[PDB]
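[1] before the rest arrives, take these chains from my complex:
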Amino acid sequence: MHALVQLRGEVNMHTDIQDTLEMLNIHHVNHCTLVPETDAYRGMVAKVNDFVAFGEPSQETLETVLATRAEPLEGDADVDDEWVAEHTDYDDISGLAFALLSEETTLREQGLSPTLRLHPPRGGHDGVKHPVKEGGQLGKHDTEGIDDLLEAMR
Amino acid sequence: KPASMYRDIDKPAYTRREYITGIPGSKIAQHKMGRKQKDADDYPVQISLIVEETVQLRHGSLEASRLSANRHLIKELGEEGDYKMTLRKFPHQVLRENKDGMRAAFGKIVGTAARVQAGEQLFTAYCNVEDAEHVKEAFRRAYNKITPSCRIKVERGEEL
Amino acid sequence: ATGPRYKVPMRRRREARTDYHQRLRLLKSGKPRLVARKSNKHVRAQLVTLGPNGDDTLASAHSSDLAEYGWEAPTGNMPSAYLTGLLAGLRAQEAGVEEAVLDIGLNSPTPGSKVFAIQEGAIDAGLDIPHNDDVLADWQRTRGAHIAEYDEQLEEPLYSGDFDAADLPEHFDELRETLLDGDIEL
Amino acid sequence: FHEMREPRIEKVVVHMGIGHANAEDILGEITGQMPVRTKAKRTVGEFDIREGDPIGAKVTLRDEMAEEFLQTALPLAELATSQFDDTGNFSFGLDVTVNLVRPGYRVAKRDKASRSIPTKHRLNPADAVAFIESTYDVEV
Amino acid sequence: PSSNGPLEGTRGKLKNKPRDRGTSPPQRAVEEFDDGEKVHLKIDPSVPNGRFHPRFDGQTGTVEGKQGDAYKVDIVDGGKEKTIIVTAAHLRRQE
């Protein structure tokens, strides 16, 4: 299970790539989606590789994120342990965060918007002109590297 | 004409003589020099001239370069000295010139050039350890009559 | 052989046993082929249908198993050929085969040939094969009458092993009548 | 073993390549069977503009007709060593050629399942001179 | 293109590789297909007649019937639907 986060805008980006991002339920910059790790989903991220920032998040971080940025399918409501318990198949945020990572269910399956609408990275990101290996912020990340971003964009 | 007009590789490979006519003959006199009866392996030293950039060298440059390079070996080692130089490249690329404004602009055949990629051996000489300095000077004069910079790399010779 | 560009013929064309050009025109009918094949001492007749992995033989008849019902004469003549054809045609009726198209292979379409004699027999058996009556041999030559008249020019017996002196085209009649009979263990 | 390896005469072809015929008569007499015309291809500057047209004639003698013809033909010829083909064939002369081969040449001349004769079973110039010489004449 | 003929720019697709030269096997020239079947369209350079327009090489239509012995295969050129008359010689079963 990977955390996809668009870092580069739509202007000038190829249509076949933009459509893929939209197929991955992410329509705006700074929007995050929790994508599994299958052959299919793999092709999609590879295509988006240069306009996104992905990686496997730590259970802890995924919890801090879900708690702060997750939303119902329709609604302004807060997704907290109590919320999770009442509508999901889990007992709290941690229970959910675990099943997702283990790829047992999906945010949509549990009545949650497939998109985690994050906030701009606090203290700025490492740059959208270079990948991670070159000191930039695009492409695949370390679990610790992905956490730094998500935590920064909580 | 200046080599500025033909030094770059920016056109299709134009070589098919079965479709091209009136191609000016190669100014290149000989490709094998020195003692073409003796072999390369019969020599302890093998120094080649290497082109650093990918270019197109006209037979006019090839001949001018090769000439002034071998002419030094003949001077410093004698007309029948103990050496053997080689020019491994041949002028295959036919050249045109639109010499009528831009209407019906496909030019007429003016010459031929040899296509060489960077890091290639334009020349390769084979000599003895003593005369290995007259070979380096031969190439020093040779790389001045061609468009790109070059490397005079010794391939066989720990005798330095 | 010589290299990459070389073109090696199809195995059965290489072996020179199958004419693919006639085979295609033959397969265009959609009917089973009545494969008529000969040999120096024998003559067989197969009923071949197409298939995924290769040809499919549903019925057949070798001149060898002709003696199985009473044949005591040789196995490479006109009476032999016709009688093999008729046997084959009967075994074919049994498997449900109702029509066929004569396939003679690399053999020549000569008037009165043993292949046409085979075709004549299979049709007599109750099969439907596109034929041409005047290309078939006359009834008596099919009986082997021309062979008996040859034995007439005796002085030295025609058959080494004793079958009889003047030969018997009547043996042909006996056996043909034996096959038309319903009983017979096909 | 040698029984199926001992050579025989396949055919004796007698021909008279003229060029524009009246010679058919003589061959018919000396051999003993009917002759056939000889045509040619490709235009020739030696008055041969008409492609397919009678230029000569030939006769292919087999069995008795061949041997009986050779009992009187061979003597008239002064045989030599360089007069042989690598397959054990010889032409001398009016031309007379003899095709010699081993007891199973039908395999290569038949229609069905024909195969070319193996080099080992192919006749040799040596076995040729021998066989011939062993029948009323001399070599070299 | 210099000319707008059927075989324009068909040098490659309508030519056999050296080892595939000569007359082709009759098995595929008489193969029986059923209505609704998926078939790949490829011209056999060896076989002259029963060909579809070269522009349709690489298609994978659906047999919807047959005219005579030749087949009628439905394909979709871009968005335009077309019925193609093509003999077994130039067809192969999908999967």
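    Received, thanks. Numbering: from 1, shown residues only, chains lettered A, B, ... in the order given.

[2] find the nearest non-adjacent residue to residue C:33, please.
    Spatial nearest neighbour of residue C:33, excluding adjacent residues (C-beta to C-beta, 6 or more residues apart in numbering or on different chains): residue C:103 at 4.2 Å. Quick note: C-beta positions are derived from backbone N, CA and C, even for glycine.

[3] OK, contacts around that neighbour?
    Counting by C-beta atoms under 8 Å, 6 or more residues apart in numbering or on different chains, residue C:103 touches C:26, C:33, C:34, C:35, C:36, C:48.

[4] quick check: beta-bridge partners of it?
    Assessed by DSSP bridges, residue C:103 has beta-bridge partners residue C:35.

[5] distance of it from chain E?
    For residue C:103, the distance to chain E equals 13 Å [C-beta to the nearest C-beta, to the nearest Å].

[6] returning to what we had before: identify, from the contacts of residue C:103, the entry nearest to chain E.
    residue C:26 (8.8 Å; C-beta to the nearest C-beta).

[7] I'd say residue E:19 and residue C:7 touch.
    Yes. Between residue E:19 and residue C:7 there is a contact at 6.2 Å, judged by C-beta atoms under 8 Å.

[8] as RNA strand F, please add this:
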RNA sequence: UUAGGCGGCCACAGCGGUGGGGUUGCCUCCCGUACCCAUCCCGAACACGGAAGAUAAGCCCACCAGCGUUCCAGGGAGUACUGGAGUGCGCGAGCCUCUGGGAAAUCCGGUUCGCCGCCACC
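    With RNA strand F added, the chains above now look like this:
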């Protein structure tokens, strides 16, 4: 299949070579032209009739890789080329980094001297 017929794939099946196999069996070479049939001339072929002889041919069987071919391992090579991205370098032609793919020649060692279907048959 102790030798057959019809095939599919259509060289992994080619080319070349070696050794073995046939009393009433089989395929043959083979013997022979009265007939059906045959050769623009030849029962050569084709067609028809038949067994004295043979296993030398063919064919069937076992095997050799020198040539050709199919495939596999390592080397070449993640090299050549390349789909996606870059306020990376270069006067420039052009190159480089990240990401996703990825040769060919050639070397070396192995493979391959067909496989499979149906029918008939000590």
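
[9] what's the helix or strand harbouring residue E:64 packed up against?
    Per DSSP states H and E, residue E:64 falls inside strand E:60-67. If you count contacts as 3 or more C-beta pairs under 8 Å, 6 or more residues apart in numbering or on different chains; DSSP states H and E, strand E:60-67 packs onto strand E:38-41, strand E:70-77, strand E:80-86.

[10] now distance to chain D and mean neighbour count too, for those, in a markdown table please.
    Shown next, in a markdown table, are the helices and strands packed on strand E:60-67 (distance: least, C-beta to the nearest C-beta, whole Å; neighbours: other C-beta atoms under 10 Å in any protein chain shown):
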| stretch | distance to chain D | mean neighbour count |
| --- | --- | --- |
| strand E:38-41 | 37 | 18 |
| strand E:70-77 | 34 | 18 |
| strand E:80-86 | 36 | 14 |
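
[11] can you say which of those strands is nearest to residue A:118?
    strand E:70-77 (43.0 Å; C-beta to C-beta).

[12] can you give me the angle that closest one makes with strand E:80-86?
    For strand E:70-77 against strand E:80-86, the angle by axes from the mean of the first three to the mean of the last three C-alpha atoms, to 10 degrees is 160 degrees.

[13] also put RNA strand G in, sequence below:
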RNA sequence: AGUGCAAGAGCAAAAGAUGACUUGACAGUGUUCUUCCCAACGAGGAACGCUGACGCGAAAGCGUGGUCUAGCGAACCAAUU
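    Adding RNA strand G to what we have so far:
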């Protein structure tokens, strides 16, 4: 190699050669594609059917011209069945 002629492509018990027979280069009506990729447009073109009449072959079958892609033309007027 040859296959009438450009170029590219197809063909070897043939599509090439020889031979003999024959004149399907026939009458009529279509399906489809092409012409005009996608995507509307005429004449022309091709493949593929059907009805009738023929030629050949033992038969399967082949022949709607010359192996495939060039050799073509509206109404009006004119002649003709």
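
[14] and the contacts of residue C:103, now that RNA strand G is in?
    By C-beta under 8 Å, 6+ apart, the neighbours of residue C:103 are C:26, C:33, C:34, C:35, C:36, C:48.

[15] rerun that using 10 Å as the cut-off
    For residue C:103, the contact set (C-beta atoms under 10 Å, 6 or more residues apart in numbering or on different chains) comprises C:19, C:22-23, C:26-27, C:32-37, C:45-46, C:48, C:115, C:119.

[16] do the same with residue D:35
    For residue D:35, the contacting residues are D:14-16, D:23-28, D:56-60, by C-beta under 10 Å, 6+ apart.

[17] go on, residue D:43?
    D:49, D:50, D:51.

[18] for the spatially closest residue to residue E:54 that is not a sequence neighbour, helix, strand, or coil?
    Distances taken as C-beta to C-beta, 6+ apart put residue E:10 closest to residue E:54, at 4.7 Å, once the chain neighbours are dropped. At residue E:10, secondary structure determined by DSSP: H, G, I helix; E, B strand; the rest coil is coil.

[19] going along the chain, name the helices of the chain.
    Using chain A here. Assigned by DSSP state H, the helices in chain A fall at A:15-23, A:39-48, A:59-69, A:81-87, A:93-101, A:143-152.

[20] could you do chain D instead?
    Listed in chain order, the helices of chain D (DSSP H) span D:24-30, D:64-73, D:106-109, D:125-133.
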